[PDB]
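In the block that follows, a single chain appears as structure tokens, in the form deposited in one PDB entry.
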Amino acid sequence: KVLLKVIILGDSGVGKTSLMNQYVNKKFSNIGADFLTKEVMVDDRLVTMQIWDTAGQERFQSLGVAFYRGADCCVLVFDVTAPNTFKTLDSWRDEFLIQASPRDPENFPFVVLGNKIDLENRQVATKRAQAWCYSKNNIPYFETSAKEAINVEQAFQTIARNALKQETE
């Protein structure tokens, strides 16, 4: 029996809440998201994942320390069609380390999701996002679509494995 806390960070409008709902509830839309729980198998070991939604408090960058307490993994999401949501990835990463103070922060489990790949007017190149992800101590990068449910399940399988690593270490 193991409980993992995973938070999903990133600017408003990138798809954080949809990524969560798509993963747990396999349902996409278009109010009231808090946190979802899901039982999963990570390399044969049974774990429990607790996904925390921002309840929109990032709209004006007002997420408090309580929100980060004891996070096992931090998902950084951006919109491949909105280059500015990609440039804030560092600021969200820095913030996480500031507020969460994790053990061995230089190796903390960060997973980056380039969302909305189903949209045709992409502005951020796969290579560009991969280079940045690599430069940050080689963190995993997945391109997703909460709308068409592309790569979400697999993306969360890694998020879960990495979350369990941090929780066990």
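Superpose the two forms; the largest set of C-alphas matching within 1.5 Å is the rigid core. Only residues modelled in both forms are compared. Numbers follow the displayed sequence, beginning with 1.
The protein also exists as the form deposited in another entry; that form is not presented, and the subsequent description refers to it.
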{"query": "2 Å-or-more CA mover between this form and the one not shown, where superposition uses the core and the choices are 61, 137, 126, 101", "finding": "61"}
{"query": "Relative Cα spacing, residue 63 and residue 95, in that other deposited form - shift of 3 Å or more", "finding": "farther"}
{"query": "Cα distance between residue 64 and residue 86, which in that other deposited form differs by 3 Å or more from this form, closer or farther", "finding": "farther"}
{"query": "Large-shift segments between this form and the one not shown, meaning 3+ residue runs whose Cα move 2 Å or more when the rigid core is superposed", "finding": "31 to 34, 55 to 67"}
